[PDB]
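Each protein sequence line maps, in turn, to chains A, B, C and D.
Here the first sequence stands for residues 82 to 169, 169A, 170 to 333, 335 to 392, 394 to 412, 412A to 412B, 413 to 468, numbered as in the entry's author numbering.
Here the second sequence stands for residues 82 to 169, 169A, 170 to 333, 335 to 392, 394 to 412, 412A to 412B, 413 to 468, numbered as in the entry's author numbering.
Here the third sequence stands for residues 82 to 169, 169A, 170 to 333, 335 to 392, 394 to 412, 412A to 412B, 413 to 468, numbered as in the entry's author numbering.
Here the fourth sequence stands for residues 82 to 169, 169A, 170 to 333, 335 to 392, 394 to 412, 412A to 412B, 413 to 468, numbered as in the entry's author numbering.
All remarks here apply to the structure that follows.
Number of protein chains: 4
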Amino acid sequence: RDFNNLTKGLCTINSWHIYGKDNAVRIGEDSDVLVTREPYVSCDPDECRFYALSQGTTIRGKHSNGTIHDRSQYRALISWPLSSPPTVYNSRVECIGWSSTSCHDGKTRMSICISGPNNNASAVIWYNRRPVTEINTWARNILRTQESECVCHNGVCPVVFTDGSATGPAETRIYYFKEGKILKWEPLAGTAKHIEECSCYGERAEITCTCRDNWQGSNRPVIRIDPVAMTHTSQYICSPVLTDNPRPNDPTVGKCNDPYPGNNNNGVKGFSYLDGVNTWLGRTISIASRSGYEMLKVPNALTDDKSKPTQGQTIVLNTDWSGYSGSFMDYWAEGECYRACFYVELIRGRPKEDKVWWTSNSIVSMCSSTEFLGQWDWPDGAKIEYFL
Amino acid sequence: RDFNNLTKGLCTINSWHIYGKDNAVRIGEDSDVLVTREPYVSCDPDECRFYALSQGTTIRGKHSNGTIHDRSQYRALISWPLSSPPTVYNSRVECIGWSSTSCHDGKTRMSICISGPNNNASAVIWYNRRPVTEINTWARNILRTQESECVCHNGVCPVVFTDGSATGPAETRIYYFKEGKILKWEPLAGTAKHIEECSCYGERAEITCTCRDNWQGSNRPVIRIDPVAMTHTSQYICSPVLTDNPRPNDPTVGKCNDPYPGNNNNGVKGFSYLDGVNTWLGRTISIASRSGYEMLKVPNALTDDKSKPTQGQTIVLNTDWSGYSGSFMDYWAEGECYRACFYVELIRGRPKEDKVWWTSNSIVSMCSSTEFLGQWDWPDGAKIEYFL
Amino acid sequence: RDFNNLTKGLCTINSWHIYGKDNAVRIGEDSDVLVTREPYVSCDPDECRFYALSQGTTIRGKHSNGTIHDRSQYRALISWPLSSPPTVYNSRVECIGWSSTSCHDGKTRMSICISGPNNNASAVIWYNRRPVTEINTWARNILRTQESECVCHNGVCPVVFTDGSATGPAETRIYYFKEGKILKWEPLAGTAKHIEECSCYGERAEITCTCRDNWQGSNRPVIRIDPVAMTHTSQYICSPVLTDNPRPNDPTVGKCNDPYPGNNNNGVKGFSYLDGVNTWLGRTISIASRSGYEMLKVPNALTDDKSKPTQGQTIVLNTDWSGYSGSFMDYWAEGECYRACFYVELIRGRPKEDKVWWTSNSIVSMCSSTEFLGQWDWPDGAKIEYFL
Amino acid sequence: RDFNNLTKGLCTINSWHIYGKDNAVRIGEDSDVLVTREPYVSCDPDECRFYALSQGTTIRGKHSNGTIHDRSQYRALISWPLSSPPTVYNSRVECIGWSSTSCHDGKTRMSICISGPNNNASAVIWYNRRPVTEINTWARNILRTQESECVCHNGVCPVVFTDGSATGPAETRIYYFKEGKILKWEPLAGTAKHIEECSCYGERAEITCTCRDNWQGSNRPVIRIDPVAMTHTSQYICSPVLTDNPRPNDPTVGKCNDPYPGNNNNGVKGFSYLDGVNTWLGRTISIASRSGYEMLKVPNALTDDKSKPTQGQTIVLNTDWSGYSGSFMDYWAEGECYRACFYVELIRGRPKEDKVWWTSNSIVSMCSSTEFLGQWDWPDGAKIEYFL
Ligand SMILES: *[C@@H]1O[C@H](CO)[C@@H](O[C@@H]2O[C@H](CO)[C@@H](O[C@@H]3O[C@H](CO[C@H]4O[C@H](CO[C@H]5O[C@H](CO)[C@@H](O)[C@H](O)[C@@H]5O)[C@@H](O)[C@H](O[C@H]5O[C@H](CO)[C@@H](O)[C@H](O)[C@@H]5O)[C@@H]4O)[C@@H](O)[C@H](O[C@H]4O[C@H](CO)[C@@H](O)[C@H](O)[C@@H]4O[C@H]4O[C@H](CO)[C@@H](O)[C@H](O)[C@@H]4O[C@H]4O[C@H](CO)[C@@H](O)[C@H](O)[C@@H]4O)[C@@H]3O)[C@H](O)[C@H]2NC(C)=O)[C@H](O)[C@H]1NC(C)=O
Ligand SMILES: *[C@@H]1O[C@H](CO)[C@@H](O[C@@H]2O[C@H](CO)[C@@H](O[C@@H]3O[C@H](CO[C@H]4O[C@H](CO[C@H]5O[C@H](CO)[C@@H](O)[C@H](O)[C@@H]5O)[C@@H](O)[C@H](O[C@H]5O[C@H](CO)[C@@H](O)[C@H](O)[C@@H]5O)[C@@H]4O)[C@@H](O)[C@H](O[C@H]4O[C@H](CO)[C@@H](O)[C@H](O)[C@@H]4O[C@H]4O[C@H](CO)[C@@H](O)[C@H](O)[C@@H]4O[C@H]4O[C@H](CO)[C@@H](O)[C@H](O)[C@@H]4O)[C@@H]3O)[C@H](O)[C@H]2NC(C)=O)[C@H](O)[C@H]1NC(C)=O
Ligand SMILES: *[C@@H]1O[C@H](CO)[C@@H](O[C@@H]2O[C@H](CO)[C@@H](O[C@@H]3O[C@H](CO[C@H]4O[C@H](CO[C@H]5O[C@H](CO)[C@@H](O)[C@H](O)[C@@H]5O)[C@@H](O)[C@H](O[C@H]5O[C@H](CO)[C@@H](O)[C@H](O)[C@@H]5O)[C@@H]4O)[C@@H](O)[C@H](O[C@H]4O[C@H](CO)[C@@H](O)[C@H](O)[C@@H]4O[C@H]4O[C@H](CO)[C@@H](O)[C@H](O)[C@@H]4O[C@H]4O[C@H](CO)[C@@H](O)[C@H](O)[C@@H]4O)[C@@H]3O)[C@H](O)[C@H]2NC(C)=O)[C@H](O)[C@H]1NC(C)=O
Ligand SMILES: *[C@@H]1O[C@H](CO)[C@@H](O[C@@H]2O[C@H](CO)[C@@H](O[C@@H]3O[C@H](CO[C@H]4O[C@H](CO[C@H]5O[C@H](CO)[C@@H](O)[C@H](O)[C@@H]5O)[C@@H](O)[C@H](O[C@H]5O[C@H](CO)[C@@H](O)[C@H](O)[C@@H]5O)[C@@H]4O)[C@@H](O)[C@H](O[C@H]4O[C@H](CO)[C@@H](O)[C@H](O)[C@@H]4O[C@H]4O[C@H](CO)[C@@H](O)[C@H](O)[C@@H]4O[C@H]4O[C@H](CO)[C@@H](O)[C@H](O)[C@@H]4O)[C@@H]3O)[C@H](O)[C@H]2NC(C)=O)[C@H](O)[C@H]1NC(C)=O
Ligand SMILES: CC(=O)N[C@H]1[C@H]([C@H](O)[C@H](O)CO)O[C@@](O)(C(=O)O)C[C@@H]1O
Ligand SMILES: CC(=O)N[C@H]1[C@H]([C@H](O)[C@H](O)CO)O[C@@](O)(C(=O)O)C[C@@H]1O
Ligand SMILES: CC(=O)N[C@H]1[C@H]([C@H](O)[C@H](O)CO)O[C@@](O)(C(=O)O)C[C@@H]1O
Ligand SMILES: [Ca+2]
Ligand SMILES: [Ca+2]
Ligand SMILES: [Ca+2]
Ligand SMILES: [Ca+2]
């Protein structure tokens, strides 16, 4: 009943414990599970849920054929109970579209879905489950947004959008919403050169977003937002531990204010927690594809262009498929600090597994522990052969 | 806890944004989805839902064979969560029958279902989910009602019924309900010559209904209701932009007080928003069948017999099937105006697609934006070949 | 939050309107619907639900084979939302067993299930969804109860049980429960000679039960209960309109205090409303089997041994299968009188349809109207051929 | 809203009445039922539910192949409504892992799941459905816990864990949790020599746990916990009525302070109620495998090394498969005493039924009656042949 404020710092991250896993593809082999992609996790004050973009068909369904495609009239943002699979019968539609974000401000939830043809897309901003504001495409080239949760502070929920080229300069805007209405927007500033799919978290009245430079950068761009002043900066992770994909091999020195070169015109949504010595980066293990997943403790990664790992944890073996990853936290938990969490999208089917005609995913997520916990690996677990 | 009053005017309609879409036929190819038709949308103060007449069988079920037929003992009014499909497991039965309307008065919901043989039908009026009032057929020829939501003002919810011929003069009545009890009824007056399937909305203490003249009219009849005085008038949309189906080609001058001729004994449920220069009409694109769907801004359409479009938006391409369309609004939303909404029934199967033995539909709906949003088209999306 | 009292009389019954219908067998041909039998309907202060004895298997399931049998370890009393089918996913288990009753006292619900072998059965009485009291078999021969709702008055809910022979004198007891605890019990008194499966309703502080005399009677026995004094009487319906099944042809004079002879050792659960001139009897249309169903207005049927029909309504044609029927009312509805309701079990499969290996049913129910409504017939609607 | 205290003694157990049964394997032959094992039952103040470790696949699913294995990344603790089957659509995930316990303290629920490889497992302790505390493996050999409900007293919920060998001395710890945080832990003391899978209940401010000595004991070890002092003792059931499995034949004298020999390196989770003359033991009927199940009244079993049965009740015939059994009670029921309950896991499939490639189970549970009720037997009820 009052707006949430980011009054706490991050808990110390000494390892990662298992939080949730839906085993959707394993289960959906023989039950009514929706084909998805672009998932995430987001908490309300009373409940945490799984989120994703449905493809408007079950996995066993004949309409799963062609679901490699990102943008259709049959997609929607759905949410469902934590660690359940997204089924026809338990999935709640938040809004219609093929690009989304969502966050609760402490009183109620804002959800945003973009739909339309590539040259004529529009965002609709829902708040308390009703449509409130609409935004038309400004650059007429796939208006698109975070594909993970936004973050609010005292009613103000910033959202990062991009419109324009995926392979050249584009038009990125930071919208500051309150109760679904636009308080303000700004064009992207700072030294980030291309921005897509920001993964965001909040601590001590600052919102940090780790994004995807699709055009040039194999290091990740970072936007930091003041939700009170409604201003931001941008730079890159300085660290030579490179965290996009595909990417070249790790160098010994990164770049703070420019894209690290070697791979153009591609990437993956990812995330980091940037908190001095309490800094952890996620990446795919493979430099070539969305294969494997690990967390690496890289003290001062944001600001230190020679920073290297001092600790890590494998999440998904490099013999298993991964995908998008992103940040969320339970802002309404007990205690004196915010516990960092993330999810990894485990993509199955096309293009890497082309014996099936579909593309889908399941979800695994972890949150930080102050203990030094033993590690397991967490694969999707499905046998593609069963779907043949 | 107090009755809702229609105290607001319509928001300015500059375009239409996507509101909901269930993709029911695509999803029901491989999950337990009920065969429906005659759908709509209706809001409670805390939730908006999809409504339809079930056929008492799933689409993949063997009993889907024969579901082209409108009236059986196996039909029921169901509701289900917004943009979900109507499944066996998530569908809530409101009442039993093969013709319906439903609306919330601010305290609770009235639902009405008609059932029976053609010569002996009866309406039962439910209120707070209990049966309260029953009305026997007065003309012994398919007693029937709106197939979309009614509208309430201070407890009074008017409903339009027709009994008698579909191809000649019939007996239309306006019932004024309060808490499921009949306050008053009136025979149809004014210049409308035949009335079926009224699509209604409320603003500034007046209820406007756009209906179907099955007997003669390719222009649409309009009933306007004073829910305080409990009186009404009727006329036709004056505009030469004709909005029934099938229909002849658009002339340059309409008819205000008589059916526009050229097509007899057929039609489709449709709707309009009639608000001076803020006037928008829906129609099928095809003049021959329930094919395509568009919205047209036709300033003063109700009163101007030469009024032509000044703006439009395509909803469904003329290469895709449509069906019934109707009006609803979220009377419990925030802000200073009521945002116009509509749904379009996307009919699949018989009679236009006769390689399957069933008839069903899915739903798409939009609400107005004050922005000038880019347009997409929104087809059902299912492949009939998959059902073979 | 206070116990309900039977303070109202019955509304005048001038006809019957459709209340609910689940079409379970039609729908369960292609969805996960539980095999049932012995259904009924019962209201809470906020909701009315369908009830039945599950067979612990879906209809399409391989374990549906053998479900003609009444008593197994796999049966349970389930409830589910009104007019929904009893599915695996929406059915709530009230208790485990193969004979049951259930009723809400205004504060919470009592449910009773009997289980065990024929010579060693026991009742467990649940209240507020916890087990409170248990009763062991007294005659060691299929302890059994109403198979429809009980009725409460000021916390006191009487229940009729029988233990002993189905084809000879047996031991019937009336238990008076309050908060799941036994206040009192009595052996059956009066002139009823055999009692099974009582169908009960309450009005003006009296509970009337119409039961089944399996041993000799083709007229129905009647128990009337004073829930304050905790006493009862019994007799038969005097009327020559005979309402058990199988039965001989209607005579011109009935029997008030003895079974009407002609058929031994068989019957069906049925019901009546006995209210002077406002008296209505249900029966199968067939005198030979559970085929068809009609309601007949038989003024003074209880006390007049020459009383004949003055009005009727067909519910199920004699070309369609019926089954058990029983009484319930919504004691928590608005208004000045209790509206009589009933359900009819529509049995499909064995023994009358032996091309399938299962026995199941669906449900239709009606409540009274003060109007003289037109009639329809309400068959199960499924095609057995589809299940082959 | 206040913590529950164990203020009541056990009700007198004169027999056992049926409480719940899900018939999961019968139903899951033709519906979307999760493969499980290691089930139990646990009550909240407003609801009692079924619990189990999912295998992350339906029974009919192709991924059911290999589900004999205990520990995978696809397992999770789920709960679901009492006597329902654990379906994809009604199962709520409590936490991720392959060993668990759960209990409500009167304000909210603590749930604990262990996951990881054998040499590197970790417990995560959830409270109010959020992760609060994590515990790393201390002996690097399958950290594991009760597989049935824990018990709380004034906020303090003790839990028994074991880490180390299954076939030799191991490291057992008693953790005392409050609001998901560790108040204290102790190493196992007393004369119990090996501890696994404790089944616990609470009465008069003492918690009694009956466990599994996998290494040597065919009598069962017993831990008794003071949740105020946060101390414990351990011994064995003195009785010569031996209750593990496999086991040698019953002798005439047991052992109070040492394992009863004859079978090494195997066992089954089981339980007892130890209350002077009101003492009842469960066991499999078979001495060789998890076949059959009975309850035996063995006055002073805990302390009397010659105690023999004075009464019993068969639960599952020795011609039917059983499995794990464990204790729970409804601490929030009415009345002056706690009513003892238990469940039995009915295992189907591998290894005893190897014509199928899966292992799963269903559940039956009973609670005590003060009556001397007639007995039935309660088999799983499924036909394996149907799954072929
Ligand atoms: C039970 O569970 C536990 C808990 O999980 C398990 O214990 C864990 O074990 C894992 C696996 O070993 C550990 O993860 C690795 O962590 C290291 C970081 O720790 C080493 O380095 C630390 C930093 O050392 C510099 O500074 C220090 C001072 O600050 C200085 O002292 C030192 O000399 C040095 O100059 C050391 O502090 C650390 O020592 C503490 O911990 C030790 C245990 O780990 C202990 O033995 C010590 O005594 C001490 O007390 C230790 O030496 C990460 O570096 C590593 O991440 C690299 O390697 C993996 C493959 O294993 C790779 O996937 C990673 O990406 C990463 O390497 C790439 O990136 C580098 C950076 O650019 C690059 O240099 C590398 O060449 C490499 O590059 C190639 O691969 C990448 C990726 O594909 C590609 O992009 C490139 O282009 C290129 O192709 C792992 O994260 C956990 O930290 C550890 N956890 C704990 C709590 O201990 C335990 O094993 C389990 N038990 C069992 C029985 O299974
Ligand atoms: C990005 O998204 C945006 C947003 O959606 C897209 O932009 C939209 O584009 C669509 C498609 O073009 C537009 O819909 C059409 O709108 C016109 C109405 O606008 C024209 O006419 C206006 C009125 O002009 C008279 O009065 C004015 C003064 O008031 C006077 O100035 C004028 O000279 C004239 O005498 C003009 O004001 C308007 O101009 C503004 O907008 C222009 C952009 O549209 C801009 O360029 C201008 O400079 C200006 O600023 C404009 O000229 C509708 O008329 C039209 O509806 C007709 O045609 C479609 C087929 O396209 C048909 O399906 C419709 O039913 C309708 O036509 C039938 O009915 C008529 C009425 O009886 C009849 O006369 C016709 O012959 C026709 O009849 C046949 O078909 C029917 C139906 O099957 C049948 O029943 C008959 O029997 C017969 O067989 C469209 O609705 C949107 O308005 C526009 N939206 C916005 C915000 O701009 C943009 O394209 C997308 N971008 C990309 C790159 O894709
Ligand atoms: C639109 O919908 C409406 C609303 O539903 C439809 O209108 C309804 O139509 C149905 C079907 O006709 C009616 O049901 C029958 O009702 C009669 C009772 O009403 C007749 O008798 C009344 C009593 O008359 C004695 O007393 C009066 C004075 O009190 C005296 O005046 C009279 O001369 C006589 O001596 C009359 O009052 C009544 O007249 C009012 O209504 C008339 C319309 O119905 C109207 O025309 C009149 O002018 C007047 O105003 C009328 O004459 C029931 O008797 C009958 O039930 C018998 O027959 C059916 C087969 O049809 C059978 O299944 C029943 O079981 C029952 O008969 C068996 O039992 C008898 C009792 O033992 C026995 O005598 C019979 O031989 C028979 O026995 C065989 O069958 C049974 C069962 O299988 C077996 O067990 C035996 O062994 C043996 O084999 C029907 O219920 C509705 O009442 C009527 N409703 C309304 C509101 O009007 C309308 O039709 C629909 N419109 C269209 C176009 O479809
Ligand atoms: C209707 O429903 C009701 C309610 O359920 C049914 O009635 C019930 O019927 C069942 C089945 O008969 C009963 O269960 C058995 O109970 C006996 C215990 O009761 C006998 O013993 C009592 C104790 O007697 C010593 O002390 C007393 C004084 O305290 C002294 O007087 C006496 O002489 C003696 O020295 C007697 O008090 C008791 O008498 C009361 O009740 C009688 C009715 O039962 C009545 O007739 C009497 O007049 C009196 O009023 C009675 O004589 C258990 O011992 C027995 O459990 C053994 O046998 C089963 C097989 O049946 C086996 O599975 C069990 O494990 C157990 O036996 C193994 O363990 C023993 C202990 O180590 C060992 O000694 C045995 O050799 C045996 O060992 C082999 O098997 C095991 C297991 O596989 C293996 O591990 C070993 O290695 C080895 O291979 C049953 O539980 C219910 O108690 C009774 N309930 C009630 C309320 O009456 C009624 O039948 C149903 N009606 C119908 C028509 O179906
Ligand atoms: C009660 C009833 O039968 N309504 C049906 C109406 C009437 O036939 C017409 O309005 C003529 O009166 O229209 C439909 O057939 C149609 O056109 O798709 C569907 C609808 O179910
Ligand atoms: C407890 C029990 O078995 N009840 C069964 C009763 C009894 O057999 C009779 O009332 C004779 O006592 O009737 C049925 O068989 C029936 O006629 O369809 C169904 C019901 O399940
Ligand atoms: C954590 C774990 O693996 N628990 C497993 C235990 C252990 O193997 C034993 O208690 C030996 O320690 O027992 C089972 O195998 C069994 O006997 O059915 C099932 C259970 O899943
Ligand atoms: Ca990149
Ligand atoms: Ca027409
Ligand atoms: Ca009889
Ligand atoms: Ca053992």
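Heads up, the beta-carbon is just placed ideally off N, CA and C, and yes, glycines get one too.
Distance, residue j Cα to residue i Cα
| i | j | result |
| --- | --- | --- |
| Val-398 of chain C | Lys-102 of chain C | 13 Å |
| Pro-166 of chain C | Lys-463 of chain A | 35 Å |
| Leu-468 of chain C | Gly-429 of chain C | 11 Å |
| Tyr-281 of chain B | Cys-291 of chain B | 12 Å |
| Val-333 of chain A | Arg-300 of chain A | 14 Å |
| residue 38 of chain A | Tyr-100 of chain B | With chain A covering only 82 through 468, there is no way to say anything about residue 38 of chain A. |
Expected contact under 8 Å - CB spacing of residue i and residue j to nearest Å
| i | j | result |
| --- | --- | --- |
| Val-436 of chain D | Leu-383 of chain D | Rounded, the Cβ-Cβ distance is 40 Å, inconsistent with contact. |
| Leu-355 of chain C | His-233 of chain C | Contact doesn't hold; Cβ gap of about 17 Å is too wide. |
| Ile-368 of chain B | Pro-340 of chain B | Going by Cβ atoms, the distance from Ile-368 of chain B to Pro-340 of chain B rounds to 16 Å, so no, they are not a contact pair. |
Nearest to residue i (by Cα), restricted to the options the options
| i | options | result |
| --- | --- | --- |
| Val-308 of chain D | D:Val-231, D:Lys-378 and D:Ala-246 | D:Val-231 |
| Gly-415 of chain D | C:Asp-83, C:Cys-278 and C:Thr-213 | C:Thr-213 |
Legend entry - Three-pair Cβ contact test at 8 Å for the stretch 266–281 of chain C versus the stretch 239–254 of chain C: Yes, the stretch 266–281 of chain C touches the stretch 239–254 of chain C.
Legend entry - the stretch 442–451 of chain D in contact with the stretch 89–103 of chain D per 3-pair CB rule at 8 Å: The stretch 442–451 of chain D vs the stretch 89–103 of chain D: in contact.
Inset, instruction - Inspect the CB distances between the stretch 220–227 of chain B and the stretch 187–205 of chain B and report whether three or more fall short of 8 Å. - result: Contact between the stretch 220–227 of chain B and the stretch 187–205 of chain B is present, because at least three Cβ pairs lie under 8 Å.
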